[PDB]
$ cat upload_6.tsv   # TSV, C-alpha atoms
chain	number	residue	atom	x	y	z
S	1	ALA	CA	15.89	-4.58	13.81
S	2	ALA	CA	17.98	-3.50	10.82
S	3	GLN	CA	17.88	-4.81	7.25
S	4	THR	CA	21.00	-3.69	5.40
S	5	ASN	CA	20.99	-2.84	1.69
S	6	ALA	CA	17.20	-2.69	1.70
S	7	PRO	CA	15.23	-1.23	-1.20
S	8	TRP	CA	15.45	2.54	-1.04
S	9	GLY	CA	11.76	2.93	-0.17
S	10	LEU	CA	12.00	0.81	2.97
S	11	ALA	CA	15.05	2.77	4.05
S	12	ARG	CA	13.21	6.01	3.33
S	13	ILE	CA	10.20	5.20	5.49
S	14	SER	CA	12.48	4.54	8.48
S	15	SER	CA	14.64	7.64	7.98
S	16	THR	CA	14.42	11.35	8.69
S	17	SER	CA	16.71	11.92	5.67
S	18	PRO	CA	16.95	10.62	2.10
S	19	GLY	CA	20.07	8.86	0.93
S	20	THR	CA	20.31	5.90	3.32
S	21	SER	CA	20.01	2.20	2.57
S	22	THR	CA	19.15	0.35	5.80
S	23	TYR	CA	15.56	-0.30	6.89
S	24	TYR	CA	15.04	-0.06	10.67
S	25	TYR	CA	11.91	-1.43	12.30
S	26	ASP	CA	10.63	-3.04	15.46
S	27	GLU	CA	11.00	-6.81	15.23
S	28	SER	CA	7.26	-7.31	15.87
S	29	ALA	CA	7.06	-6.55	12.13
S	30	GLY	CA	3.26	-6.52	11.87
S	31	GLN	CA	2.77	-9.94	13.50
S	32	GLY	CA	-0.90	-10.49	14.30
S	33	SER	CA	-2.13	-8.01	11.68
S	34	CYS	CA	-3.62	-8.75	8.27
S	35	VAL	CA	-3.38	-6.88	4.98
S	36	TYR	CA	-5.73	-7.50	2.08
S	37	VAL	CA	-4.20	-6.72	-1.31
S	38	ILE	CA	-7.08	-6.01	-3.69
S	39	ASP	CA	-5.49	-6.29	-7.11
S	40	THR	CA	-4.52	-8.85	-9.80
S	41	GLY	CA	-3.88	-11.59	-7.19
S	42	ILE	CA	-0.79	-12.70	-5.29
S	43	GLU	CA	1.64	-15.47	-6.23
S	44	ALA	CA	1.45	-16.88	-2.71
S	45	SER	CA	3.96	-19.65	-3.52
S	46	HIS	CA	6.74	-17.06	-3.93
S	47	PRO	CA	9.49	-17.91	-1.38
S	48	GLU	CA	9.46	-14.26	-0.31
S	49	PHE	CA	6.02	-14.72	1.31
S	50	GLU	CA	7.10	-17.62	3.57
S	51	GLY	CA	3.63	-19.17	3.69
S	52	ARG	CA	2.11	-15.91	5.02
S	53	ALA	CA	0.19	-15.12	1.82
S	54	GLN	CA	-2.97	-16.71	0.56
S	55	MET	CA	-5.60	-16.03	-2.06
S	56	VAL	CA	-9.08	-15.72	-0.57
S	57	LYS	CA	-11.24	-14.45	-3.46
S	58	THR	CA	-11.20	-14.09	-7.23
S	59	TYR	CA	-13.81	-12.81	-9.67
S	60	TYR	CA	-12.23	-14.53	-12.68
S	61	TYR	CA	-11.71	-18.08	-13.88
S	62	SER	CA	-8.54	-18.37	-11.75
S	63	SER	CA	-7.02	-16.88	-8.61
S	64	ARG	CA	-3.57	-16.88	-10.21
S	65	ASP	CA	-1.78	-13.55	-10.62
S	66	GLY	CA	-1.05	-13.68	-14.34
S	67	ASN	CA	0.06	-10.04	-14.36
S	68	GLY	CA	2.57	-9.45	-11.54
S	69	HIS	CA	1.21	-6.12	-10.29
S	70	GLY	CA	-0.64	-7.60	-7.30
S	71	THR	CA	2.34	-9.76	-6.37
S	72	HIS	CA	4.60	-6.69	-6.48
S	73	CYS	CA	2.28	-4.68	-4.25
S	74	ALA	CA	1.89	-7.58	-1.82
S	75	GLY	CA	5.67	-7.86	-1.69
S	76	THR	CA	5.99	-4.22	-0.64
S	77	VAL	CA	3.41	-4.77	2.10
S	78	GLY	CA	4.86	-7.94	3.55
S	79	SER	CA	7.56	-9.91	1.73
S	80	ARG	CA	10.56	-10.91	3.84
S	81	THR	CA	13.07	-8.86	1.81
S	82	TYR	CA	10.98	-6.19	0.09
S	83	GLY	CA	8.21	-5.65	2.63
S	84	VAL	CA	7.43	-3.08	5.31
S	85	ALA	CA	5.58	-5.48	7.65
S	86	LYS	CA	7.59	-8.67	7.36
S	87	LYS	CA	5.39	-10.80	9.64
S	88	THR	CA	1.90	-9.70	8.55
S	89	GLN	CA	-0.63	-12.08	7.03
S	90	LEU	CA	-1.40	-11.24	3.38
S	91	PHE	CA	-4.77	-11.98	1.77
S	92	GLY	CA	-5.24	-11.70	-1.99
S	93	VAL	CA	-8.49	-10.54	-3.57
S	94	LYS	CA	-8.34	-10.68	-7.37
S	95	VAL	CA	-10.58	-7.89	-8.68
S	96	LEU	CA	-8.34	-7.14	-11.69
S	97	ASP	CA	-7.79	-9.49	-14.61
S	98	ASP	CA	-4.36	-10.44	-15.93
S	99	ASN	CA	-4.29	-7.30	-18.08
S	100	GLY	CA	-4.74	-5.19	-14.94
S	101	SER	CA	-8.33	-4.26	-15.81
S	102	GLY	CA	-11.53	-4.57	-13.81
S	103	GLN	CA	-15.10	-3.33	-13.93
S	104	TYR	CA	-16.05	-0.93	-11.18
S	105	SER	CA	-18.75	-3.33	-9.99
S	106	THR	CA	-16.14	-6.06	-9.44
S	107	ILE	CA	-13.90	-3.69	-7.51
S	108	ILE	CA	-16.87	-2.71	-5.33
S	109	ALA	CA	-17.71	-6.37	-4.72
S	110	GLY	CA	-14.11	-7.04	-3.68
S	111	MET	CA	-14.19	-4.20	-1.15
S	112	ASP	CA	-17.47	-5.42	0.34
S	113	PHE	CA	-15.93	-8.90	0.42
S	114	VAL	CA	-13.02	-7.70	2.57
S	115	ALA	CA	-15.36	-5.89	4.98
S	116	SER	CA	-17.09	-9.22	5.65
S	117	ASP	CA	-14.21	-11.68	5.19
S	118	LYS	CA	-12.11	-10.05	7.91
S	119	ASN	CA	-14.62	-11.61	10.35
S	120	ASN	CA	-13.42	-15.03	9.09
S	121	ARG	CA	-9.74	-14.24	9.71
S	122	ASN	CA	-7.60	-13.97	12.81
S	123	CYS	CA	-6.19	-10.43	12.83
S	124	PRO	CA	-6.07	-9.45	16.51
S	125	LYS	CA	-3.77	-6.48	15.88
S	126	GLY	CA	-5.87	-5.04	13.06
S	127	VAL	CA	-6.86	-5.18	9.41
S	128	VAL	CA	-5.58	-3.13	6.47
S	129	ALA	CA	-6.61	-3.05	2.82
S	130	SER	CA	-4.27	-1.87	0.05
S	131	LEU	CA	-5.94	-0.65	-3.17
S	132	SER	CA	-3.38	0.07	-5.90
S	133	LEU	CA	-6.07	0.70	-8.49
S	134	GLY	CA	-8.52	3.31	-9.66
S	135	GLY	CA	-10.24	5.05	-12.50
S	136	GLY	CA	-12.50	8.02	-13.12
S	137	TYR	CA	-14.68	9.46	-10.40
S	138	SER	CA	-17.51	7.17	-9.29
S	139	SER	CA	-19.63	7.88	-6.24
S	140	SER	CA	-20.39	4.16	-5.99
S	141	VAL	CA	-16.69	3.22	-5.85
S	142	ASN	CA	-16.05	5.94	-3.27
S	143	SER	CA	-19.01	4.74	-1.19
S	144	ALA	CA	-17.66	1.18	-1.26
S	145	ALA	CA	-14.25	2.35	-0.04
S	146	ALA	CA	-15.92	4.41	2.68
S	147	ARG	CA	-17.92	1.34	3.75
S	148	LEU	CA	-14.78	-0.78	3.94
S	149	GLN	CA	-13.04	1.83	6.08
S	150	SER	CA	-16.10	2.25	8.32
S	151	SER	CA	-16.18	-1.53	8.90
S	152	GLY	CA	-12.87	-1.27	10.79
S	153	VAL	CA	-10.26	-1.65	8.03
S	154	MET	CA	-7.45	0.81	7.36
S	155	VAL	CA	-8.01	1.56	3.66
S	156	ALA	CA	-5.00	2.84	1.72
S	157	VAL	CA	-5.63	3.85	-1.89
S	158	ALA	CA	-3.42	5.03	-4.75
S	159	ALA	CA	-3.80	8.66	-5.76
S	160	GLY	CA	-3.41	7.80	-9.46
S	161	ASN	CA	-0.74	8.35	-12.09
S	162	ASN	CA	-1.93	11.19	-14.33
S	163	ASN	CA	-0.05	14.14	-12.80
S	164	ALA	CA	-3.50	15.60	-12.09
S	165	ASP	CA	-5.76	16.45	-9.18
S	166	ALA	CA	-6.88	13.22	-7.51
S	167	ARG	CA	-10.36	14.66	-6.84
S	168	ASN	CA	-11.35	13.33	-10.29
S	169	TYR	CA	-10.38	9.71	-9.59
S	170	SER	CA	-11.84	6.92	-7.48
S	171	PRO	CA	-11.38	5.57	-4.90
S	172	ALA	CA	-8.62	8.23	-4.54
S	173	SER	CA	-11.18	11.00	-4.05
S	174	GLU	CA	-13.06	9.36	-1.17
S	175	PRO	CA	-12.20	11.57	1.83
S	176	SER	CA	-12.54	8.92	4.52
S	177	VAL	CA	-9.81	6.57	3.22
S	178	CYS	CA	-6.06	7.20	3.08
S	179	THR	CA	-5.04	8.57	-0.33
S	180	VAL	CA	-1.38	7.99	-1.15
S	181	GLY	CA	0.84	9.92	-3.57
S	182	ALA	CA	4.27	8.86	-4.83
S	183	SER	CA	7.78	10.20	-4.23
S	184	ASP	CA	11.24	9.34	-5.61
S	185	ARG	CA	14.54	8.59	-3.91
S	186	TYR	CA	15.58	12.26	-4.07
S	187	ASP	CA	12.45	13.34	-2.16
S	188	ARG	CA	10.71	14.76	-5.22
S	189	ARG	CA	7.09	14.12	-6.02
S	190	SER	CA	7.11	11.39	-8.64
S	191	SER	CA	6.55	12.92	-12.08
S	192	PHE	CA	3.33	10.93	-12.65
S	193	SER	CA	1.85	11.26	-9.16
S	194	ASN	CA	-1.56	12.79	-8.78
S	195	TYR	CA	-1.85	15.56	-6.18
S	196	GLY	CA	-4.45	17.81	-4.56
S	197	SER	CA	-6.22	18.46	-1.28
S	198	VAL	CA	-7.54	14.90	-1.09
S	199	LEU	CA	-4.05	13.41	-0.69
S	200	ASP	CA	-3.24	12.38	2.86
S	201	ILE	CA	0.36	11.17	2.56
S	202	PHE	CA	3.20	10.35	0.18
S	203	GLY	CA	5.18	7.15	0.04
S	204	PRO	CA	8.02	5.81	-2.11
S	205	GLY	CA	6.72	5.15	-5.60
S	206	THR	CA	9.49	5.57	-8.19
S	207	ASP	CA	11.78	2.59	-8.93
S	208	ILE	CA	10.45	0.23	-6.25
S	209	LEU	CA	11.99	-3.25	-6.13
S	210	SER	CA	9.62	-6.03	-5.04
S	211	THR	CA	8.37	-9.53	-5.83
S	212	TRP	CA	7.07	-10.56	-9.25
S	213	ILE	CA	5.42	-13.64	-10.68
S	214	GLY	CA	7.49	-16.65	-11.62
S	215	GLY	CA	9.33	-16.41	-8.32
S	216	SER	CA	11.16	-13.31	-9.54
S	217	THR	CA	11.66	-9.64	-8.64
S	218	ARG	CA	11.63	-6.34	-10.49
S	219	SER	CA	11.54	-2.59	-10.03
S	220	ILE	CA	8.47	-0.66	-11.21
S	221	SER	CA	6.95	2.76	-10.52
S	222	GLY	CA	3.56	4.18	-9.64
S	223	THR	CA	1.27	5.39	-6.92
S	224	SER	CA	0.47	1.66	-6.93
S	225	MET	CA	3.91	1.15	-5.33
S	226	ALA	CA	3.54	3.99	-2.79
S	227	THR	CA	0.20	2.67	-1.49
S	228	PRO	CA	1.53	-0.67	-0.10
S	229	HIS	CA	4.31	1.15	1.75
S	230	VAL	CA	1.58	3.02	3.61
S	231	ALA	CA	-0.58	-0.10	4.03
S	232	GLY	CA	2.38	-2.03	5.43
S	233	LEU	CA	3.30	0.88	7.68
S	234	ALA	CA	-0.26	0.94	9.03
S	235	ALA	CA	-0.13	-2.80	9.80
S	236	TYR	CA	3.24	-2.35	11.53
S	237	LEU	CA	1.98	0.54	13.68
S	238	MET	CA	-1.28	-1.26	14.52
S	239	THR	CA	0.71	-4.29	15.72
S	240	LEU	CA	2.70	-1.95	17.97
S	241	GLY	CA	-0.57	-0.62	19.44
S	242	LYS	CA	0.24	2.93	18.37
S	243	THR	CA	-2.95	3.42	16.35
S	244	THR	CA	-6.09	1.69	15.08
S	245	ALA	CA	-7.70	1.12	11.70
S	246	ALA	CA	-9.95	4.15	12.15
S	247	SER	CA	-7.11	6.50	13.15
S	248	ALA	CA	-4.05	5.13	11.32
S	249	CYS	CA	-4.16	7.50	8.34
S	250	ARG	CA	-4.29	10.51	10.67
S	251	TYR	CA	-1.55	8.99	12.81
S	252	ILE	CA	0.73	8.44	9.80
S	253	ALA	CA	0.13	12.02	8.68
S	254	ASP	CA	0.77	13.35	12.22
S	255	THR	CA	4.06	11.46	12.50
S	256	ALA	CA	5.27	11.92	8.90
S	257	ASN	CA	8.36	13.72	7.74
S	258	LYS	CA	7.02	17.19	6.97
S	259	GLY	CA	8.19	19.66	4.35
S	260	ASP	CA	10.89	17.41	2.90
S	261	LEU	CA	9.43	16.80	-0.58
S	262	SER	CA	9.92	19.02	-3.62
S	263	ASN	CA	7.52	19.72	-6.52
S	264	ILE	CA	4.51	19.58	-4.21
S	265	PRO	CA	1.79	21.84	-5.67
S	266	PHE	CA	0.44	24.53	-3.38
S	267	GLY	CA	-2.44	23.05	-1.42
S	268	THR	CA	-1.16	19.45	-1.39
S	269	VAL	CA	0.25	18.04	1.85
S	270	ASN	CA	4.04	17.81	2.08
S	271	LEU	CA	4.08	14.66	4.22
S	272	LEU	CA	6.20	11.54	3.72
S	273	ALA	CA	5.37	8.32	5.57
S	274	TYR	CA	7.78	7.63	8.43
S	275	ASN	CA	7.82	4.86	11.05
S	276	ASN	CA	9.52	6.94	13.81
S	277	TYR	CA	11.50	3.88	14.90
S	278	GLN	CA	14.14	4.40	17.59
S	279	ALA	CA	16.49	1.48	18.23
$ encode --input "upload_6.tsv" --output "structure tokens"
Amino acid sequence: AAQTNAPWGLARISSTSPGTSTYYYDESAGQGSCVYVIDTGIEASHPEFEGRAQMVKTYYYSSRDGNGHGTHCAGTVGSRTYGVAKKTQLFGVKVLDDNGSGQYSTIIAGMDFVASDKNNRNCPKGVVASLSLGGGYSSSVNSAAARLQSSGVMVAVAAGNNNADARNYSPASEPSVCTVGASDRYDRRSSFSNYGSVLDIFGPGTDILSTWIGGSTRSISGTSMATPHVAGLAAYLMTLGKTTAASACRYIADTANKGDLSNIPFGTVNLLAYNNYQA
């Protein structure tokens, strides 16, 4: 399948070269997979989700996304126009309030929730979790992300946005999950992207168009935006049978575009997520 005039990040993850604008992908499109977006919520009523999104847990007085960030990330995973995996099922877990903030204990509870709740959901092709959040190093937060991964969920986490080594941030620094840095449309590391040996992969993160609350769209930047490209890619590849939740991060790294990014510090992987799709 081909989606013309796609957002640059979708085109990038289906291309061996920067500078193209069509997204190419197998029409299975993540059907039969599920992606949990652990964030500020998801505006599931947005036409872009087509009934495929639903809120399943909140830790606040409402499940509404009053911020937009979670809706944007969910859109990059799985919206019809802005998403990598256009037929996946999206589940919202609101661990962040409408200011984008959350206590570490709430974030941990949300991760443990997903590890259990996936047993209540029909996801025969596999389960992914997208975590576009973080803060300072916490062994408890890392342990929770490791538990979620070990339960059979592909965990993709943002590296963080401090132009610093991700080893000092959580859950970015947990080795067993998939830690995602950000790149721009000219194949440069995004200026804010964290780096370091703990990174597994880069995805598009600068000027990413996706869904927003109020039935709208907008372009924003962050490792928060790179993470759902990788989560959606994992769901897409799991639906194709090419990998599993336990192996998908390694598979994405093995099949990535290699050596194409600039401003990668020595010791950080130079790997850009790529779907390897051949029409």
$ closest_atom_pairs --input "upload_6.tsv" --of "range 198-265 of chain S" --to "range 164-169 of chain S" --cutoff "12 Å" --atoms "only C-alpha atoms" --output "Markdown table"
| residue | atom | partner | partner_atom | distance |
| --- | --- | --- | --- | --- |
| S:198 | CA | S:167 | CA | 6.4 |
| S:199 | CA | S:166 | CA | 7.4 |
| S:200 | CA | S:166 | CA | 11.0 |
| S:223 | CA | S:166 | CA | 11.3 |
| S:264 | CA | S:165 | CA | 11.8 |
| S:265 | CA | S:165 | CA | 9.9 |
$ residues_around --input "upload_6.tsv" --residues "range 238-248 of chain S" --least-positions-apart "6" --cutoff "12 Å" --atoms "only C-alpha atoms" --output "ChimeraX atom specification"
/S:25-35,85-89,123-129,146-156,176-178,200-201,230-232,254-256,273,275-277
$ atom_distance --input "upload_6.tsv" --atom1 "CA of residue 83 in chain S" --atom2 "CA of residue 130 in chain S"
13.3 Å
$ residues_around --input "upload_6.tsv" --residues "residue 215 in chain S" --least-positions-apart "3" --cutoff "12 Å" --atoms "all atoms listed in the file" --output "PDB file with C-alpha atoms, in the frame of the given file"
ATOM      1  CA  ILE S  42      -0.790 -12.700  -5.290  1.00  0.00           C
ATOM      2  CA  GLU S  43       1.640 -15.470  -6.230  1.00  0.00           C
ATOM      3  CA  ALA S  44       1.450 -16.880  -2.710  1.00  0.00           C
ATOM      4  CA  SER S  45       3.960 -19.650  -3.520  1.00  0.00           C
ATOM      5  CA  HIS S  46       6.740 -17.060  -3.930  1.00  0.00           C
ATOM      6  CA  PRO S  47       9.490 -17.910  -1.380  1.00  0.00           C
ATOM      7  CA  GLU S  48       9.460 -14.260  -0.310  1.00  0.00           C
ATOM      8  CA  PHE S  49       6.020 -14.720   1.310  1.00  0.00           C
ATOM      9  CA  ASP S  65      -1.780 -13.550 -10.620  1.00  0.00           C
ATOM     10  CA  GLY S  68       2.570  -9.450 -11.540  1.00  0.00           C
ATOM     11  CA  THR S  71       2.340  -9.760  -6.370  1.00  0.00           C
ATOM     12  CA  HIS S  72       4.600  -6.690  -6.480  1.00  0.00           C
ATOM     13  CA  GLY S  75       5.670  -7.860  -1.690  1.00  0.00           C
ATOM     14  CA  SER S 210       9.620  -6.030  -5.040  1.00  0.00           C
ATOM     15  CA  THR S 211       8.370  -9.530  -5.830  1.00  0.00           C
ATOM     16  CA  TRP S 212       7.070 -10.560  -9.250  1.00  0.00           C
ATOM     17  CA  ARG S 218      11.630  -6.340 -10.490  1.00  0.00           C
TER      18      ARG S 218
END
$ residues_near_point --input "upload_6.tsv" --point "(-8.2, 2.8, -3.8)" --cutoff "8 Å" --atoms "all atoms listed in the file" --output "list in words"
residues 130, 131, 132, 133, 134, 145, 155, 156, 157, 158, 159, 170, 171, 172 and 179 of chain S
$ residues_around --input "upload_6.tsv" --residues "residue 261 in chain S" --least-positions-apart "4" --cutoff "12 Å" --atoms "only C-alpha atoms" --output "list in words"
residues 16, 17, 18, 181, 182, 183, 184, 185, 186, 187, 188, 189, 190, 201, 202, 203, 204, 256, 257, 265, 268, 269, 270, 271, 272 and 273 of chain S
$ atom_distance --input "upload_6.tsv" --atom1 "CA of residue 104 in chain S" --atom2 "CA of residue 224 in chain S"
17.3 Å
$ closest_residue --input "upload_6.tsv" --among "S:110, S:66, S:175, S:78" --to "residue 97 in chain S" --atoms "all atoms listed in the file"
S:66
$ atom_distance --input "upload_6.tsv" --atom1 "CA of residue 90 in chain S" --atom2 "CA of residue 2 in chain S"
22.2 Å
$ closest_residue --input "upload_6.tsv" --among "S:235, S:274, S:141, S:101" --to "residue 253 in chain S" --atoms "all atoms listed in the file"
S:274
$ closest_residue --input "upload_6.tsv" --among "S:259, S:228, S:102, S:9" --to "residue 77 in chain S" --atoms "only C-alpha atoms"
S:228
$ closest_residue --input "upload_6.tsv" --among "S:120, S:76, S:3, S:138" --to "residue 219 in chain S" --atoms "only C-alpha atoms"
S:76
$ axis_aligned_box --input "upload_6.tsv" --around "range 114-132 of chain S" --padding-each-side "8 Å" --output "JSON"
{"center_x": -10.2, "center_y": -7.5, "center_z": 5.3, "size_x": 29.7, "size_y": 31.1, "size_z": 38.4}
$ residues_around --input "upload_6.tsv" --residues "residue 95 in chain S" --least-positions-apart "5" --cutoff "7 Å" --atoms "all atoms listed in the file" --output "count of residues only"
9
$ residues_around --input "upload_6.tsv" --residues "residue 267 in chain S" --least-positions-apart "4" --cutoff "9 Å" --atoms "only C-alpha atoms" --output "JSON list (two decimals) with C-alpha atoms, in the frame of the given file"
[["chain", "number", "residue", "atom", "x", "y", "z"],
["S", 195, "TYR", "CA", -1.85, 15.56, -6.18],
["S", 196, "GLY", "CA", -4.45, 17.81, -4.56],
["S", 197, "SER", "CA", -6.22, 18.46, -1.28]]
$ closest_residue --input "upload_6.tsv" --among "S:206, S:163, S:227, S:217" --to "residue 263 in chain S" --atoms "only C-alpha atoms"
S:163
$ closest_residue --input "upload_6.tsv" --among "S:266, S:233, S:73, S:173" --to "residue 251 in chain S" --atoms "all atoms listed in the file"
S:233
